[PDB]
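Source file upload-v1.cif; content: mmCIF, C-alpha atoms.
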data_data
loop_
_atom_site.label_atom_id
_atom_site.label_comp_id
_atom_site.auth_asym_id
_atom_site.auth_seq_id
_atom_site.Cartn_x
_atom_site.Cartn_y
_atom_site.Cartn_z
CA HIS D 21 -30.07 180.20 133.50
CA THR D 22 -27.61 177.97 135.41
CA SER D 23 -28.05 174.18 135.58
CA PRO D 24 -27.92 171.93 138.65
CA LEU D 25 -24.62 171.88 140.52
CA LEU D 26 -22.57 168.73 140.14
CA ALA D 27 -22.34 166.15 142.92
CA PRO D 28 -19.82 166.71 145.76
CA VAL D 29 -16.15 165.74 145.54
CA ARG D 30 -14.21 163.96 148.27
CA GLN D 31 -11.04 163.04 146.32
CA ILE D 32 -9.15 164.87 143.56
CA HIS D 33 -6.42 163.42 141.37
CA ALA D 34 -4.70 166.34 139.67
CA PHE D 35 -2.59 166.17 136.53
CA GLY D 36 -0.81 169.15 135.01
CA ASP D 37 1.99 171.60 135.14
CA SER D 38 3.47 174.40 137.36
CA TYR D 39 -0.10 176.01 137.58
CA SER D 40 -1.06 172.98 139.77
CA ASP D 41 2.20 171.38 141.13
CA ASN D 42 2.20 171.31 144.94
CA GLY D 43 5.66 169.76 145.48
CA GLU D 44 6.41 167.16 142.80
CA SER D 45 8.92 169.14 140.72
CA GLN D 46 10.80 169.90 143.94
CA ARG D 47 10.77 166.27 145.06
CA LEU D 48 11.73 164.96 141.66
CA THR D 49 14.51 167.44 140.97
CA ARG D 50 16.08 166.76 144.41
CA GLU D 51 16.01 163.07 143.40
CA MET D 52 17.55 163.81 140.02
CA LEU D 53 20.25 166.04 141.57
CA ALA D 54 21.08 163.29 144.13
CA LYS D 55 21.49 160.87 141.28
CA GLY D 56 23.79 163.14 139.22
CA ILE D 57 21.37 163.48 136.32
CA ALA D 58 23.02 165.59 133.61
CA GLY D 59 21.65 169.13 133.40
CA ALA D 60 19.41 168.87 136.46
CA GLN D 61 18.53 171.98 138.42
CA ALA D 62 16.69 172.57 141.71
CA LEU D 63 13.10 173.50 140.80
CA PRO D 64 11.26 175.64 141.35
CA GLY D 65 14.00 177.55 143.18
CA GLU D 66 14.46 179.69 146.27
CA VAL D 67 11.96 182.51 145.68
CA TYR D 68 8.90 180.22 145.86
CA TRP D 69 6.62 179.01 148.63
CA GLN D 70 7.12 175.40 149.77
CA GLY D 71 7.91 174.00 146.32
CA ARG D 72 4.89 175.67 144.58
CA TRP D 73 5.71 177.76 141.50
CA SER D 74 4.07 180.74 143.27
CA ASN D 75 3.98 182.44 146.73
CA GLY D 76 1.16 180.17 147.94
CA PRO D 77 -1.19 177.29 147.18
CA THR D 78 -2.13 176.62 143.54
CA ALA D 79 -5.75 176.74 142.20
CA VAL D 80 -6.31 173.04 142.53
CA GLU D 81 -5.27 173.10 146.24
CA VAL D 82 -7.80 175.86 146.82
CA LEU D 83 -10.41 173.86 144.85
CA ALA D 84 -9.86 170.86 147.06
CA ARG D 85 -10.23 173.02 150.18
CA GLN D 86 -13.36 174.60 148.85
CA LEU D 87 -15.03 171.29 147.98
CA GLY D 88 -14.01 169.39 151.10
CA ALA D 89 -11.81 167.01 149.08
CA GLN D 90 -8.51 165.26 149.64
CA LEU D 91 -5.94 166.03 146.89
CA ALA D 92 -3.39 163.78 145.25
CA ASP D 93 -1.49 166.23 143.10
CA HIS D 94 0.50 164.49 140.37
CA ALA D 95 1.26 167.73 138.45
CA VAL D 96 4.88 168.59 137.68
CA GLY D 97 6.32 172.02 136.87
CA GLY D 98 7.30 172.17 133.17
CA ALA D 99 4.93 169.31 132.16
CA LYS D 100 3.82 169.25 128.52
CA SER D 101 0.62 167.62 127.27
CA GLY D 102 2.52 164.58 125.98
CA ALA D 103 5.02 162.33 127.76
CA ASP D 104 7.76 164.84 128.55
CA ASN D 105 8.67 168.14 130.18
CA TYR D 106 9.89 171.56 129.03
CA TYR D 107 13.06 170.49 130.92
CA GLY D 108 14.35 168.00 128.44
CA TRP D 109 16.96 166.62 130.88
CA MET D 110 14.16 165.14 133.03
CA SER D 111 13.21 162.50 130.42
CA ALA D 112 16.27 160.30 131.26
CA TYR D 113 14.88 159.82 134.76
CA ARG D 114 11.07 160.10 134.38
CA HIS D 115 8.33 161.02 131.80
CA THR D 116 6.67 163.89 133.69
CA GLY D 117 4.31 165.20 131.01
CA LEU D 118 0.52 164.68 131.32
CA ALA D 119 0.80 161.27 129.54
CA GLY D 120 3.58 160.18 131.94
CA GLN D 121 1.59 161.32 134.99
CA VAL D 122 -1.39 159.26 133.75
CA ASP D 123 0.84 156.22 133.20
CA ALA D 124 2.33 156.48 136.67
CA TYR D 125 -1.08 156.91 138.27
CA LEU D 126 -2.51 153.85 136.51
CA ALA D 127 0.70 151.80 137.29
CA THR D 128 0.57 152.58 141.01
CA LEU D 129 -3.02 151.58 141.80
CA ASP D 130 -1.63 148.50 143.67
CA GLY D 131 -4.52 146.26 142.50
CA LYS D 132 -7.19 148.75 143.56
CA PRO D 133 -9.79 149.96 141.05
CA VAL D 134 -9.77 153.59 139.92
CA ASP D 135 -12.07 155.52 142.22
CA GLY D 136 -15.16 156.24 140.05
CA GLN D 137 -16.16 159.04 142.39
CA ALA D 138 -12.76 160.85 142.35
CA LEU D 139 -12.47 164.00 140.30
CA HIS D 140 -9.71 163.80 137.75
CA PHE D 141 -8.46 167.30 137.29
CA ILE D 142 -6.38 168.16 134.18
CA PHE D 143 -4.64 171.49 133.62
CA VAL D 144 -1.89 171.48 130.98
CA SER D 145 -0.67 172.98 127.68
CA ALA D 146 1.29 176.13 128.51
CA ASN D 147 4.67 174.28 128.26
CA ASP D 148 3.78 172.98 124.79
CA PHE D 149 3.78 176.62 123.70
CA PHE D 150 6.79 177.79 125.81
CA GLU D 151 8.95 174.87 124.55
CA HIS D 152 7.96 175.58 120.94
CA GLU D 153 8.81 179.25 121.23
CA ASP D 154 12.00 178.89 123.31
CA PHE D 155 13.50 176.05 121.22
CA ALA D 156 12.21 176.97 117.71
CA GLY D 157 9.69 174.13 117.36
CA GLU D 158 8.82 173.48 113.69
CA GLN D 159 5.06 172.89 113.78
CA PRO D 160 2.92 175.80 112.78
CA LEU D 161 1.11 176.98 115.91
CA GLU D 162 -2.20 175.65 114.60
CA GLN D 163 -0.66 172.18 114.36
CA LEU D 164 0.94 172.52 117.85
CA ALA D 165 -2.54 173.41 119.20
CA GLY D 166 -3.93 170.35 117.45
CA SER D 167 -1.32 168.14 119.13
CA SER D 168 -2.04 169.75 122.56
CA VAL D 169 -5.73 169.05 122.14
CA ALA D 170 -5.20 165.49 120.96
CA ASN D 171 -2.85 164.82 123.89
CA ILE D 172 -5.39 166.09 126.44
CA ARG D 173 -8.26 164.13 124.81
CA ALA D 174 -6.06 160.96 124.89
CA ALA D 175 -5.41 161.47 128.62
CA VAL D 176 -9.09 161.73 129.43
CA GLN D 177 -9.76 158.73 127.21
CA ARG D 178 -7.03 156.63 128.90
CA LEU D 179 -8.16 157.61 132.41
CA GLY D 180 -11.74 156.71 131.46
CA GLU D 181 -10.62 153.42 129.90
CA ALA D 182 -9.14 152.47 133.32
CA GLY D 183 -12.38 153.42 135.26
CA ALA D 184 -12.33 157.23 135.83
CA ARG D 185 -15.80 158.79 135.44
CA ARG D 186 -15.44 162.37 136.66
CA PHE D 187 -13.22 165.09 135.15
CA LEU D 188 -12.55 168.80 135.35
CA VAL D 189 -10.43 170.02 132.42
CA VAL D 190 -8.94 173.52 132.50
CA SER D 191 -8.59 175.56 129.28
CA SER D 192 -5.46 177.25 128.16
CA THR D 193 -4.69 180.22 130.34
CA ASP D 194 -4.21 183.59 128.73
CA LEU D 195 -0.63 183.09 127.67
CA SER D 196 -0.88 186.41 125.76
CA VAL D 197 -0.56 188.45 129.01
CA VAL D 198 2.18 186.37 130.68
CA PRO D 199 5.06 188.84 131.35
CA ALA D 200 7.68 186.54 129.67
CA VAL D 201 5.48 186.38 126.57
CA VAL D 202 5.08 190.20 126.45
CA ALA D 203 8.88 190.57 126.93
CA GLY D 204 9.45 188.03 124.06
CA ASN D 205 7.17 190.12 121.79
CA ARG D 206 5.07 186.98 121.31
CA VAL D 207 1.57 188.25 122.26
CA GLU D 208 0.01 187.52 118.82
CA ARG D 209 1.47 184.00 118.68
CA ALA D 210 0.15 183.24 122.20
CA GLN D 211 -3.28 184.61 121.21
CA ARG D 212 -3.41 182.41 118.14
CA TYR D 213 -2.24 179.25 119.94
CA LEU D 214 -4.53 179.66 122.94
CA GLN D 215 -7.58 180.45 120.80
CA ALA D 216 -7.06 177.30 118.70
CA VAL D 217 -6.73 175.08 121.79
CA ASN D 218 -9.74 176.72 123.57
CA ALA D 219 -12.02 176.44 120.43
CA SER D 220 -11.18 172.81 119.70
CA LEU D 221 -10.65 171.11 123.11
CA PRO D 222 -14.13 171.58 124.57
CA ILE D 223 -15.65 170.21 121.35
CA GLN D 224 -13.46 167.07 121.60
CA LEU D 225 -14.26 166.67 125.29
CA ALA D 226 -18.05 167.07 124.81
CA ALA D 227 -17.91 164.15 122.24
CA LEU D 228 -15.84 161.97 124.59
CA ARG D 229 -17.96 162.81 127.63
CA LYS D 230 -21.13 161.66 125.81
CA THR D 231 -19.55 158.56 124.27
CA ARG D 232 -18.08 157.28 127.55
CA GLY D 233 -20.78 158.47 129.90
CA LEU D 234 -18.40 160.82 131.81
CA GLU D 235 -19.15 163.75 134.06
CA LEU D 236 -16.80 166.34 132.60
CA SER D 237 -16.72 170.00 133.41
CA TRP D 238 -14.76 172.56 131.35
CA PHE D 239 -13.19 175.55 133.17
CA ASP D 240 -12.57 178.53 130.86
CA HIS D 241 -9.57 180.12 132.51
CA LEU D 242 -9.43 182.76 129.71
CA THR D 243 -12.92 184.05 130.55
CA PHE D 244 -11.98 183.95 134.27
CA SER D 245 -8.78 186.03 133.75
CA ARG D 246 -10.39 188.50 131.38
CA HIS D 247 -13.03 189.29 133.96
CA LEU D 248 -10.35 189.73 136.72
CA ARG D 249 -8.13 191.94 134.59
CA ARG D 250 -10.99 194.18 133.31
CA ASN D 251 -12.20 194.87 136.92
CA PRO D 252 -9.11 194.46 139.10
CA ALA D 253 -10.10 196.79 141.99
CA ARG D 254 -13.17 194.62 142.62
CA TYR D 255 -10.76 191.75 143.52
CA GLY D 256 -8.25 193.97 145.32
CA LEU D 257 -5.66 193.72 142.56
CA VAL D 258 -3.56 196.74 141.62
CA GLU D 259 -0.68 195.49 139.47
CA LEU D 260 -1.58 193.27 136.45
CA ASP D 261 1.67 193.26 134.49
CA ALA D 262 4.78 193.54 136.66
CA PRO D 263 5.98 190.38 138.42
CA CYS D 264 5.94 190.67 142.23
CA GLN D 265 9.16 188.59 142.32
CA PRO D 266 11.39 189.34 139.29
CA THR D 267 13.60 186.44 138.20
CA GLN D 268 14.62 187.45 134.60
CA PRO D 269 17.41 188.15 133.78
CA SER D 270 18.06 187.87 137.52
CA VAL D 271 16.42 187.62 140.91
CA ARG D 272 15.44 190.96 142.49
CA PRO D 273 13.61 191.71 145.77
CA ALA D 274 9.86 190.87 145.97
CA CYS D 275 7.15 193.54 146.07
CA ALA D 276 5.72 194.33 149.53
CA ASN D 277 2.06 193.88 148.59
CA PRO D 278 1.87 190.52 146.73
CA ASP D 279 -1.87 190.05 147.33
CA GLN D 280 -2.45 193.03 145.02
CA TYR D 281 -0.36 191.50 142.16
CA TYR D 282 -1.55 189.24 139.38
CA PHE D 283 1.86 187.68 138.60
CA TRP D 284 4.35 186.24 141.05
CA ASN D 285 7.19 185.82 138.50
CA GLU D 286 7.36 186.18 134.69
CA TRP D 287 5.23 183.03 133.99
CA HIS D 288 3.16 182.25 137.13
CA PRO D 289 0.30 183.89 139.02
CA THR D 290 0.30 184.84 142.66
CA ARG D 291 -1.46 182.96 145.44
CA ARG D 292 -4.25 185.57 145.27
CA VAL D 293 -5.00 184.73 141.63
CA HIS D 294 -4.71 180.99 142.37
CA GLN D 295 -7.24 181.55 145.21
CA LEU D 296 -9.73 183.30 142.95
CA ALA D 297 -9.18 180.65 140.26
CA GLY D 298 -9.75 177.79 142.70
CA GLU D 299 -12.93 179.46 144.03
CA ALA D 300 -14.17 179.91 140.43
CA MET D 301 -13.37 176.29 139.59
CA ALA D 302 -15.36 175.15 142.62
CA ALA D 303 -18.49 177.00 141.36
CA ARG D 304 -19.86 174.07 139.34
CA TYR D 305 -19.90 171.64 142.39
CA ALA D 306 -21.97 171.28 145.54
CA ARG D 307 -19.90 171.21 148.75
#
Write out the structure in this file as structure tokens.
Amino acid sequence: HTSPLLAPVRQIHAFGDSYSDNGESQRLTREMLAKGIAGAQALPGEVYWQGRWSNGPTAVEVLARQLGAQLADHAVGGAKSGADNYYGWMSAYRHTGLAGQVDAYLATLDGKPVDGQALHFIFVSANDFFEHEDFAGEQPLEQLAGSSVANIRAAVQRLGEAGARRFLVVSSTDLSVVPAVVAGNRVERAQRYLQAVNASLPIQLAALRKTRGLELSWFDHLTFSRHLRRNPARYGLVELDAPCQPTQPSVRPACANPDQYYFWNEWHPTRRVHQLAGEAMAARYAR
């Protein structure tokens, strides 16, 4: 039996990675390129929609639309749970991890209080895993998951400390079915990492929510995706594994029927999946 829906939302502040970013990596990398920052690249690239790391609006944009909320989207493609980004070359210019996004949000309030009615949306961790696997990180995966969890708890704590009261925190996605992970033969490692984060993080957040008197909702993206991928015809999906828009090793022409694909490229879902995700995330709130 379901409990009462949460109160409406009129403003979202979103923090996270390329599953949320609605233009920041594009803005920031154009700035870094203009400045001559060593190793900078234009992100996300040419085969993306309006600076999103997809072919359409991300889940949090859909959430905002669903709830009747304005969105300030601080998320940055490549963001890790800590201070920095998968793209190591960004750190000379800006700390664009979750912790750096929180810092910049709290430093730019311009003597206004944090809005106690704004929903602070947090969706991060995938790049902790991708960085670890692509650059031979030394932590055991269980320890990396522990750091990811601690980093996300610290963000909620620091936002609350400053006056935030309302949160939505997204679980790990199912990294084990990401095409780049399958291609890397890293399905078991992704399974282990994501299960450790998703077991531990909601326990840490329930403790913090009670201690600080927060309204905090947990979105289990793994349950969401498992249901989609077990019953794809119900949602009009046909292709669960092939990217619509191949980019690895090189860019190839996009599929003709992207609204029937799960994945846009080798790491990121399509606008259709983002739409279903945003609608599912909106389910806990009254309009």
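Pairwise distance (CA of residue 90 (chain D), CA of residue 125 (chain D)) equals 15.9 Å.
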Inset, instruction - Just the residues within 9 Å of residue 297 (chain D), please, counting all atoms listed in the file, with nothing from its chain fewer than 2 positions along; format it as number ranges by chain. - result: D: 78-80, 82-83, 241, 244-245, 292-295, 299-302
Where's the centre, and what are the edge lengths in Å to one decimal, of a box along x, y and z enclosing all listed atoms of region 300-306 of chain D padded 5 Å per side, as JSON?
{"center_x": -17.7, "center_y": 175.6, "center_z": 142.4, "size_x": 18.6, "size_y": 18.6, "size_z": 16.2}
Report as an mmCIF file with C-alpha atoms, keeping the file's coordinate frame all protein, DNA and RNA residues lying within 7 Å of residue 139 (chain D), evaluated on all atoms listed in the file, omitting residues in the same chain fewer than 2 positions from it.
data_model
loop_
_atom_site.group_PDB
_atom_site.id
_atom_site.type_symbol
_atom_site.label_atom_id
_atom_site.label_comp_id
_atom_site.auth_asym_id
_atom_site.auth_seq_id
_atom_site.Cartn_x
_atom_site.Cartn_y
_atom_site.Cartn_z
ATOM 1 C CA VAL D 29 -16.150 165.740 145.540
ATOM 2 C CA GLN D 31 -11.040 163.040 146.320
ATOM 3 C CA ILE D 32 -9.150 164.870 143.560
ATOM 4 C CA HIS D 33 -6.420 163.420 141.370
ATOM 5 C CA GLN D 137 -16.160 159.040 142.390
ATOM 6 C CA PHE D 141 -8.460 167.300 137.290
ATOM 7 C CA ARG D 186 -15.440 162.370 136.660
ATOM 8 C CA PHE D 187 -13.220 165.090 135.150
ATOM 9 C CA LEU D 188 -12.550 168.800 135.350
#
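Counting from CA of residue 278 (chain D), the distance to CA of residue 39 (chain D) is 17.3 Å.
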Inset, instruction - Can you work out which one of D:170, D:214, D:175, D:48 has the shortest atom-to-atom distance to residue 191 (chain D), counting only C-alpha atoms? - result: D:214
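By chain and then residue number, the residues within 10 Å of region 50-58 of chain D are residues 44, 45, 46, 47, 61, 62, 63, 109, 110, 112, 113 and 114 of chain D, counting all atoms listed in the file and disregarding those fewer than 3 positions away in sequence.
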What do you get, as a PDB file with C-alpha atoms, in the frame of the given file, if you spell out every residue that the PyMOL selection byres ((chain D and resi 148-164) around 8) selects here?
ATOM      1  CA  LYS D 100       3.820 169.250 128.520  1.00  0.00           C
ATOM      2  CA  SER D 101       0.620 167.620 127.270  1.00  0.00           C
ATOM      3  CA  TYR D 106       9.890 171.560 129.030  1.00  0.00           C
ATOM      4  CA  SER D 145      -0.670 172.980 127.680  1.00  0.00           C
ATOM      5  CA  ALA D 146       1.290 176.130 128.510  1.00  0.00           C
ATOM      6  CA  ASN D 147       4.670 174.280 128.260  1.00  0.00           C
ATOM      7  CA  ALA D 165      -2.540 173.410 119.200  1.00  0.00           C
ATOM      8  CA  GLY D 166      -3.930 170.350 117.450  1.00  0.00           C
ATOM      9  CA  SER D 167      -1.320 168.140 119.130  1.00  0.00           C
ATOM     10  CA  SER D 168      -2.040 169.750 122.560  1.00  0.00           C
ATOM     11  CA  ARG D 209       1.470 184.000 118.680  1.00  0.00           C
ATOM     12  CA  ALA D 210       0.150 183.240 122.200  1.00  0.00           C
ATOM     13  CA  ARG D 212      -3.410 182.410 118.140  1.00  0.00           C
ATOM     14  CA  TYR D 213      -2.240 179.250 119.940  1.00  0.00           C
ATOM     15  CA  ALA D 216      -7.060 177.300 118.700  1.00  0.00           C
TER      16      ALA D 216
END
Inset, instruction - Write out as a list in words which residues come within 12 Å of residue 231 (chain D) when counting only C-alpha atoms, dropping same-chain ones fewer than 3 positions away. - result: residues 177, 180, 181, 185, 224, 225, 226, 227, 228, 234, 235 and 236 of chain D
Take the residues from that selection and write them out as a PDB file, keeping the file's coordinate frame, keeping C-alpha atoms.
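This went into out-v4.pdb:
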ATOM      1  CA  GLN D 177      -9.760 158.730 127.210  1.00  0.00           C
ATOM      2  CA  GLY D 180     -11.740 156.710 131.460  1.00  0.00           C
ATOM      3  CA  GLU D 181     -10.620 153.420 129.900  1.00  0.00           C
ATOM      4  CA  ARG D 185     -15.800 158.790 135.440  1.00  0.00           C
ATOM      5  CA  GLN D 224     -13.460 167.070 121.600  1.00  0.00           C
ATOM      6  CA  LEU D 225     -14.260 166.670 125.290  1.00  0.00           C
ATOM      7  CA  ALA D 226     -18.050 167.070 124.810  1.00  0.00           C
ATOM      8  CA  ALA D 227     -17.910 164.150 122.240  1.00  0.00           C
ATOM      9  CA  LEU D 228     -15.840 161.970 124.590  1.00  0.00           C
ATOM     10  CA  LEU D 234     -18.400 160.820 131.810  1.00  0.00           C
ATOM     11  CA  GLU D 235     -19.150 163.750 134.060  1.00  0.00           C
ATOM     12  CA  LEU D 236     -16.800 166.340 132.600  1.00  0.00           C
TER      13      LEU D 236
END
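Shortest atom-to-atom contact with residue 176 (chain D) among D:73, D:35, D:269, D:263: D:35, counting only C-alpha atoms.
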Legend entry - From D:199, D:266, D:117, D:65, residue lying nearest residue 104 (chain D) [all atoms listed in the file]: D:117
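Atom pair CA of residue 84 (chain D) / CA of residue 37 (chain D) has a distance of 16.8 Å (rounded to one decimal).
Of the listed residues (D:97, D:204, D:133, D:28), D:97 comes nearest to residue 71 (chain D); the distances count only C-alpha atoms.
Closest approach to residue 243 (chain D) from the set D:67, D:190, D:124, D:184 is made by D:190, with distances taken over only C-alpha atoms.
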Inset, instruction - Please provide the set of residues having any atom within 9 Å of residue 264 (chain D), restricted to all atoms listed in the file, with same-chain residues fewer than 2 positions apart removed, written as JSON, numbers by chain. - result: {"D": [259, 262, 266, 273, 274, 275, 276, 277, 278, 281, 282, 283, 284, 285, 286, 290]}
Inset, instruction - Step by step, work through what the PyMOL selection byres ((chain D and resi 306) around 8) selects in the shown file, and finish by giving those residues as number ranges by chain. - result: D: 25-28, 87, 303-305, 307
Inset, instruction - Could you list the residues chosen by the PyMOL selection byres ((chain D and resi 42) around 6) in this structure as a ChimeraX atom specification? - result: /D:41,43,72
Legend entry - Nearest to residue 89 (chain D), chosen from D:34, D:119, D:129, D:242, with all atoms listed in the file counted in the distances: D:34
